[PDB]
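Asker: Contents of structure-v3.pdb (PDB, C-alpha atoms) are below:
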```pdb
MODEL        1
ATOM      1  CA  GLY A   1    -127.008 161.321-122.517  1.00  0.00           C
ATOM      2  CA  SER A   2    -124.279 159.036-121.230  1.00  0.00           C
ATOM      3  CA  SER A   3    -124.247 155.432-120.074  1.00  0.00           C
ATOM      4  CA  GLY A   4    -122.384 152.150-120.351  1.00  0.00           C
ATOM      5  CA  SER A   5    -122.541 148.460-119.521  1.00  0.00           C
ATOM      6  CA  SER A   6    -119.896 145.890-118.671  1.00  0.00           C
ATOM      7  CA  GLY A   7    -119.690 142.967-116.274  1.00  0.00           C
ATOM      8  CA  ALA A   8    -120.160 139.231-116.652  1.00  0.00           C
ATOM      9  CA  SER A   9    -118.545 135.930-115.747  1.00  0.00           C
ATOM     10  CA  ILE A  10    -119.837 133.289-118.131  1.00  0.00           C
ATOM     11  CA  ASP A  11    -118.952 131.884-121.531  1.00  0.00           C
ATOM     12  CA  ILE A  12    -122.088 130.663-123.264  1.00  0.00           C
ATOM     13  CA  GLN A  13    -120.305 128.595-125.883  1.00  0.00           C
ATOM     14  CA  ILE A  14    -123.044 126.571-127.536  1.00  0.00           C
ATOM     15  CA  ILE A  15    -122.141 125.667-131.099  1.00  0.00           C
ATOM     16  CA  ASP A  16    -125.032 125.127-133.482  1.00  0.00           C
ATOM     17  CA  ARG A  17    -126.338 125.992-136.927  1.00  0.00           C
ATOM     18  CA  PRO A  18    -126.191 129.748-137.549  1.00  0.00           C
ATOM     19  CA  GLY A  19    -129.483 131.613-137.682  1.00  0.00           C
ATOM     20  CA  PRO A  20    -130.715 133.897-140.473  1.00  0.00           C
ATOM     21  CA  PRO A  21    -129.758 137.556-140.934  1.00  0.00           C
ATOM     22  CA  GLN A  22    -131.469 140.228-138.872  1.00  0.00           C
ATOM     23  CA  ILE A  23    -133.077 141.444-142.075  1.00  0.00           C
ATOM     24  CA  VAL A  24    -132.650 141.450-145.837  1.00  0.00           C
ATOM     25  CA  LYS A  25    -133.396 144.391-148.100  1.00  0.00           C
ATOM     26  CA  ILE A  26    -132.618 145.411-151.660  1.00  0.00           C
ATOM     27  CA  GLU A  27    -130.361 148.429-152.020  1.00  0.00           C
ATOM     28  CA  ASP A  28    -131.808 148.945-155.480  1.00  0.00           C
ATOM     29  CA  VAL A  29    -132.067 147.518-158.976  1.00  0.00           C
ATOM     30  CA  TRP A  30    -130.721 148.945-162.213  1.00  0.00           C
ATOM     31  CA  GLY A  31    -130.175 147.609-165.712  1.00  0.00           C
ATOM     32  CA  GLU A  32    -129.632 143.883-165.336  1.00  0.00           C
ATOM     33  CA  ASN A  33    -128.246 143.972-161.813  1.00  0.00           C
ATOM     34  CA  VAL A  34    -129.812 143.934-158.367  1.00  0.00           C
ATOM     35  CA  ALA A  35    -128.462 145.368-155.135  1.00  0.00           C
ATOM     36  CA  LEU A  36    -129.094 143.354-151.993  1.00  0.00           C
ATOM     37  CA  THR A  37    -128.615 144.545-148.433  1.00  0.00           C
ATOM     38  CA  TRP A  38    -128.713 142.250-145.424  1.00  0.00           C
ATOM     39  CA  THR A  39    -127.875 143.061-141.824  1.00  0.00           C
ATOM     40  CA  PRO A  40    -125.373 141.276-139.573  1.00  0.00           C
ATOM     41  CA  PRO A  41    -126.310 138.692-136.936  1.00  0.00           C
ATOM     42  CA  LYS A  42    -127.100 139.659-133.363  1.00  0.00           C
ATOM     43  CA  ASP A  43    -125.346 136.552-132.102  1.00  0.00           C
ATOM     44  CA  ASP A  44    -121.902 136.600-133.672  1.00  0.00           C
ATOM     45  CA  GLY A  45    -120.612 134.443-130.843  1.00  0.00           C
ATOM     46  CA  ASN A  46    -119.516 130.965-131.858  1.00  0.00           C
ATOM     47  CA  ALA A  47    -117.931 130.818-135.292  1.00  0.00           C
ATOM     48  CA  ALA A  48    -116.569 133.857-137.092  1.00  0.00           C
ATOM     49  CA  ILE A  49    -119.328 134.494-139.604  1.00  0.00           C
ATOM     50  CA  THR A  50    -117.426 133.241-142.627  1.00  0.00           C
ATOM     51  CA  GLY A  51    -119.828 135.034-144.937  1.00  0.00           C
ATOM     52  CA  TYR A  52    -123.317 134.797-146.385  1.00  0.00           C
ATOM     53  CA  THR A  53    -124.647 132.719-149.256  1.00  0.00           C
ATOM     54  CA  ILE A  54    -127.002 134.519-151.609  1.00  0.00           C
ATOM     55  CA  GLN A  55    -129.629 132.850-153.763  1.00  0.00           C
ATOM     56  CA  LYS A  56    -131.783 134.370-156.479  1.00  0.00           C
ATOM     57  CA  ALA A  57    -134.948 132.949-157.990  1.00  0.00           C
ATOM     58  CA  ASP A  58    -137.679 133.998-160.392  1.00  0.00           C
ATOM     59  CA  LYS A  59    -141.436 133.915-159.937  1.00  0.00           C
ATOM     60  CA  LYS A  60    -141.623 131.439-162.794  1.00  0.00           C
ATOM     61  CA  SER A  61    -139.976 128.345-161.365  1.00  0.00           C
ATOM     62  CA  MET A  62    -139.068 129.773-157.980  1.00  0.00           C
ATOM     63  CA  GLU A  63    -135.753 128.015-158.482  1.00  0.00           C
ATOM     64  CA  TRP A  64    -132.916 128.996-156.176  1.00  0.00           C
ATOM     65  CA  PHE A  65    -129.472 129.036-157.747  1.00  0.00           C
ATOM     66  CA  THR A  66    -126.393 129.583-155.613  1.00  0.00           C
ATOM     67  CA  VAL A  67    -125.335 133.113-156.476  1.00  0.00           C
ATOM     68  CA  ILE A  68    -122.364 133.351-154.143  1.00  0.00           C
ATOM     69  CA  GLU A  69    -120.945 131.314-151.285  1.00  0.00           C
ATOM     70  CA  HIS A  70    -118.526 131.996-148.455  1.00  0.00           C
ATOM     71  CA  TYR A  71    -118.855 135.706-149.126  1.00  0.00           C
ATOM     72  CA  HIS A  72    -117.437 138.586-147.120  1.00  0.00           C
ATOM     73  CA  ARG A  73    -119.300 141.853-147.551  1.00  0.00           C
ATOM     74  CA  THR A  74    -122.943 142.189-146.577  1.00  0.00           C
ATOM     75  CA  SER A  75    -123.945 143.430-150.009  1.00  0.00           C
ATOM     76  CA  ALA A  76    -123.639 141.859-153.438  1.00  0.00           C
ATOM     77  CA  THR A  77    -124.719 143.012-156.878  1.00  0.00           C
ATOM     78  CA  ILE A  78    -126.711 140.390-158.745  1.00  0.00           C
ATOM     79  CA  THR A  79    -126.469 139.977-162.499  1.00  0.00           C
ATOM     80  CA  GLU A  80    -128.087 138.196-165.422  1.00  0.00           C
ATOM     81  CA  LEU A  81    -131.502 139.733-164.874  1.00  0.00           C
ATOM     82  CA  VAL A  82    -134.242 140.106-167.461  1.00  0.00           C
ATOM     83  CA  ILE A  83    -135.999 143.457-167.561  1.00  0.00           C
ATOM     84  CA  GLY A  84    -139.759 143.277-167.163  1.00  0.00           C
ATOM     85  CA  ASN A  85    -140.137 140.806-164.322  1.00  0.00           C
ATOM     86  CA  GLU A  86    -139.593 140.235-160.620  1.00  0.00           C
ATOM     87  CA  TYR A  87    -137.284 138.048-158.571  1.00  0.00           C
ATOM     88  CA  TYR A  88    -136.617 136.965-155.005  1.00  0.00           C
ATOM     89  CA  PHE A  89    -133.505 136.670-152.871  1.00  0.00           C
ATOM     90  CA  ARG A  90    -132.418 135.108-149.599  1.00  0.00           C
ATOM     91  CA  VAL A  91    -129.294 135.531-147.504  1.00  0.00           C
ATOM     92  CA  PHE A  92    -127.885 132.569-145.617  1.00  0.00           C
ATOM     93  CA  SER A  93    -125.444 132.284-142.738  1.00  0.00           C
ATOM     94  CA  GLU A  94    -122.262 130.238-142.870  1.00  0.00           C
ATOM     95  CA  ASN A  95    -119.198 129.727-140.709  1.00  0.00           C
ATOM     96  CA  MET A  96    -118.601 126.030-140.155  1.00  0.00           C
ATOM     97  CA  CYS A  97    -121.896 124.262-139.571  1.00  0.00           C
ATOM     98  CA  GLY A  98    -123.262 125.068-143.008  1.00  0.00           C
ATOM     99  CA  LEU A  99    -126.084 127.096-144.505  1.00  0.00           C
ATOM    100  CA  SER A 100    -128.692 128.630-142.229  1.00  0.00           C
ATOM    101  CA  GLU A 101    -131.787 126.452-142.118  1.00  0.00           C
ATOM    102  CA  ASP A 102    -133.889 129.559-142.637  1.00  0.00           C
ATOM    103  CA  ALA A 103    -133.148 132.564-144.816  1.00  0.00           C
ATOM    104  CA  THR A 104    -134.477 136.093-144.495  1.00  0.00           C
ATOM    105  CA  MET A 105    -136.281 136.649-147.776  1.00  0.00           C
ATOM    106  CA  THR A 106    -136.760 140.219-148.938  1.00  0.00           C
ATOM    107  CA  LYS A 107    -140.086 141.381-147.555  1.00  0.00           C
ATOM    108  CA  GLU A 108    -140.707 142.142-151.210  1.00  0.00           C
ATOM    109  CA  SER A 109    -139.357 141.288-154.641  1.00  0.00           C
ATOM    110  CA  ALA A 110    -137.111 143.386-156.852  1.00  0.00           C
ATOM    111  CA  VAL A 111    -138.679 144.605-160.073  1.00  0.00           C
ATOM    112  CA  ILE A 112    -136.139 144.607-162.879  1.00  0.00           C
ATOM    113  CA  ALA A 113    -136.170 147.698-165.063  1.00  0.00           C
ATOM    114  CA  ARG A 114    -133.787 150.069-166.802  1.00  0.00           C
ATOM    115  CA  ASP A 115    -134.331 152.753-164.188  1.00  0.00           C
ATOM    116  CA  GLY A 116    -133.350 153.790-160.683  1.00  0.00           C
ATOM    117  CA  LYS A 117    -135.052 156.028-158.149  1.00  0.00           C
ATOM    118  CA  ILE A 118    -132.763 157.635-155.599  1.00  0.00           C
ATOM    119  CA  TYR A 119    -135.063 157.221-152.621  1.00  0.00           C
ATOM    120  CA  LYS A 120    -132.079 157.732-150.348  1.00  0.00           C
TER     121      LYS A 120
ENDMDL
END
```
Can the structure in the file be given as structure tokens, please?
Answerer:
Amino acid sequence: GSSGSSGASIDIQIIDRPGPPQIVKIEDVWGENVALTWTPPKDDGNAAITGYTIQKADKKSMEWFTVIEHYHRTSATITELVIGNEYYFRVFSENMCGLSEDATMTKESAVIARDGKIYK
């Protein structure tokens, strides 16, 4: 097919805390590293999305420890992971306001193990 769309005369410039990422998935997990994959915002209209803060936590103390801040890419490889357990992860949104009030937590947890299934 073929179609387009263009035409508007308004500048909705309403600054405010950045929302969470469209979604957050886990590319995969191998050895003692985890691969996270979050999608970009649908807004992206206020403050150049500086980056995205990642936080990992275990199902033991559910403690969140700043993994990375003011990032760039949309994917980051986690480290320091113990094989034979699970862990969570949440991606935040920064720019100027601060950290997104809410974070898109992986629908599921990543099971650490010395293996990798190429499901894609």
Asker: Quick one: residues within 7 Å of residue A:75, only C-alpha atoms counted, chain neighbours fewer than 6 positions away excluded, as a list in words?
Answerer: residues 36, 37 and 38 of chain A
Asker: Work out how far atom CA of residue A:57 is from atom CA of residue A:88, in Å to one decimal.
Answerer: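 For atom CA of residue A:88 relative to atom CA of residue A:57, the distance reads 5.3 Å.
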Asker: Let me make sure I understand: among A:109, A:34, A:46, A:102, which one has the smallest atom-to-atom distance to residue A:62 if we use all atoms listed in the file?
Answerer: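 Selected residue with least distance to residue A:62: A:109.
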Asker: Take the PyMOL selection byres ((chain A and resi 30-32) around 7), run it mentally on this structure, and tell me the resulting residues as a ChimeraX atom specification.
Answerer: /A:28-29,33-34,79-83,112-116
Asker: So that I can check the surroundings of residue A:60, please list as a ChimeraX atom specification every protein, DNA and RNA residue that reaches within 10 Å of it, counting all atoms listed in the file and ignoring chain neighbours fewer than 5 positions away.
Answerer: /A:85-87
Asker: Between A:11, A:111, A:48, A:69, which residue has the minimum interatomic distance to residue A:96, considering all atoms listed in the file?
Answerer: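 Of the candidates, the smallest distance to residue A:96 is held by A:48.
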Asker: Quick check, in Å to one decimal: how far apart do atom CA of residue A:95 and atom CA of residue A:56 lie?
Answerer: 20.7 Å
Asker: Let me know the residues the PyMOL selection byres ((chain A and resi 16-23) around 8) catches in the file above, as a list in words.
Answerer: residues 14, 15, 24, 25, 38, 39, 40, 41, 42, 91, 92, 93, 94, 95, 97, 98, 99, 100, 101, 102, 103, 104 and 106 of chain A
Asker: Between atom CA of residue A:45 and atom CA of residue A:67, what is the distance in Å, rounded to a tenth?
Answerer: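 Between atom CA of residue A:45 and atom CA of residue A:67 the gap works out to 26.1 Å.
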Asker: With distances taken over only C-alpha atoms, which residue among A:77, A:13, A:6, A:66 lies nearest residue A:53?
Answerer: A:66
Asker: Report as AutoDock Vina command-line options the centre and the edge lengths, in Å to one decimal, of the axis-aligned box holding every listed atom of stretch 66-71 of chain A, padded by 8 Å on each side.
Answerer:
```
--center_x -122.5 --center_y 132.6 --center_z -152.5 --size_x 23.9 --size_y 22.1 --size_z 24.0
```
Asker: Looking at only C-alpha atoms, which of A:58, A:49, A:27, A:71 is the one that sits closest to residue A:119?
Answerer: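 For residue A:119, the nearest of the candidates is A:27.
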Asker: Smallest atom-to-atom distance to residue A:12: which of A:118, A:105, A:68, A:43, using all atoms listed in the file?
Answerer: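 Once distances to residue A:12 are computed over all atoms listed in the file, the minimum belongs to A:43.
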Asker: Neighbours of residue A:72 within 9 Å (all atoms listed in the file; same-chain residues fewer than 4 positions away dropped), as a ChimeraX atom specification?
Answerer: /A:49-52
Asker: Which residue, A:108, A:55, A:47, A:74, has the smallest gap to residue A:89 when you use only C-alpha atoms?
Answerer: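 The answer is A:55, which sits nearest to residue A:89.
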Asker: Can you take stretch 33-45 of chain A from the block and write N, CA, C and O atoms as a PDB file, in the first residue's frame?
Answerer:
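That gives us decode02.pdb:
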```
ATOM      1  N   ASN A  33      26.018 -13.244  32.953  1.00  0.00           N
ATOM      2  CA  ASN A  33      25.618 -11.981  32.355  1.00  0.00           C
ATOM      3  C   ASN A  33      24.197 -12.112  31.802  1.00  0.00           C
ATOM      4  O   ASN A  33      23.813 -13.174  31.315  1.00  0.00           O
ATOM      5  N   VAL A  34      23.456 -11.017  31.896  1.00  0.00           N
ATOM      6  CA  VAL A  34      22.088 -10.996  31.410  1.00  0.00           C
ATOM      7  C   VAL A  34      21.950  -9.919  30.333  1.00  0.00           C
ATOM      8  O   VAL A  34      22.600  -8.876  30.405  1.00  0.00           O
ATOM      9  N   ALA A  35      21.100 -10.207  29.358  1.00  0.00           N
ATOM     10  CA  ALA A  35      20.868  -9.277  28.267  1.00  0.00           C
ATOM     11  C   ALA A  35      19.449  -8.714  28.374  1.00  0.00           C
ATOM     12  O   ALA A  35      18.474  -9.458  28.279  1.00  0.00           O
ATOM     13  N   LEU A  36      19.379  -7.406  28.569  1.00  0.00           N
ATOM     14  CA  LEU A  36      18.095  -6.736  28.691  1.00  0.00           C
ATOM     15  C   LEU A  36      17.765  -6.034  27.372  1.00  0.00           C
ATOM     16  O   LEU A  36      18.665  -5.675  26.613  1.00  0.00           O
ATOM     17  N   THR A  37      16.473  -5.860  27.139  1.00  0.00           N
ATOM     18  CA  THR A  37      16.011  -5.208  25.925  1.00  0.00           C
ATOM     19  C   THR A  37      14.718  -4.437  26.191  1.00  0.00           C
ATOM     20  O   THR A  37      13.661  -5.038  26.385  1.00  0.00           O
ATOM     21  N   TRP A  38      14.842  -3.119  26.194  1.00  0.00           N
ATOM     22  CA  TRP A  38      13.695  -2.258  26.432  1.00  0.00           C
ATOM     23  C   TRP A  38      13.450  -1.432  25.168  1.00  0.00           C
ATOM     24  O   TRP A  38      14.383  -1.157  24.414  1.00  0.00           O
ATOM     25  N   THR A  39      12.193  -1.061  24.977  1.00  0.00           N
ATOM     26  CA  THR A  39      11.816  -0.272  23.816  1.00  0.00           C
ATOM     27  C   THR A  39      11.824   1.220  24.160  1.00  0.00           C
ATOM     28  O   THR A  39      11.772   1.591  25.331  1.00  0.00           O
ATOM     29  N   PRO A  40      11.892   2.055  23.090  1.00  0.00           N
ATOM     30  CA  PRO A  40      11.909   3.497  23.266  1.00  0.00           C
ATOM     31  C   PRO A  40      10.519   4.021  23.629  1.00  0.00           C
ATOM     32  O   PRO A  40       9.525   3.310  23.484  1.00  0.00           O
ATOM     33  N   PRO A  41      10.491   5.292  24.110  1.00  0.00           N
ATOM     34  CA  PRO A  41       9.238   5.920  24.496  1.00  0.00           C
ATOM     35  C   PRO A  41       8.427   6.331  23.266  1.00  0.00           C
ATOM     36  O   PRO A  41       8.985   6.522  22.186  1.00  0.00           O
ATOM     37  N   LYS A  42       7.124   6.453  23.468  1.00  0.00           N
ATOM     38  CA  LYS A  42       6.231   6.837  22.389  1.00  0.00           C
ATOM     39  C   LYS A  42       6.025   8.354  22.417  1.00  0.00           C
ATOM     40  O   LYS A  42       5.432   8.920  21.500  1.00  0.00           O
ATOM     41  N   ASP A  43       6.527   8.967  23.479  1.00  0.00           N
ATOM     42  CA  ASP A  43       6.406  10.405  23.639  1.00  0.00           C
ATOM     43  C   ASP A  43       7.583  11.092  22.942  1.00  0.00           C
ATOM     44  O   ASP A  43       7.411  11.719  21.898  1.00  0.00           O
ATOM     45  N   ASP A  44       8.752  10.952  23.549  1.00  0.00           N
ATOM     46  CA  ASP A  44       9.957  11.550  23.001  1.00  0.00           C
ATOM     47  C   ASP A  44       9.626  12.938  22.449  1.00  0.00           C
ATOM     48  O   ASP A  44       9.828  13.204  21.264  1.00  0.00           O
ATOM     49  N   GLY A  45       9.123  13.786  23.333  1.00  0.00           N
ATOM     50  CA  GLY A  45       8.761  15.140  22.949  1.00  0.00           C
ATOM     51  C   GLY A  45       8.730  16.066  24.167  1.00  0.00           C
ATOM     52  O   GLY A  45       7.657  16.434  24.644  1.00  0.00           O
TER      53      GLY A  45
END
```
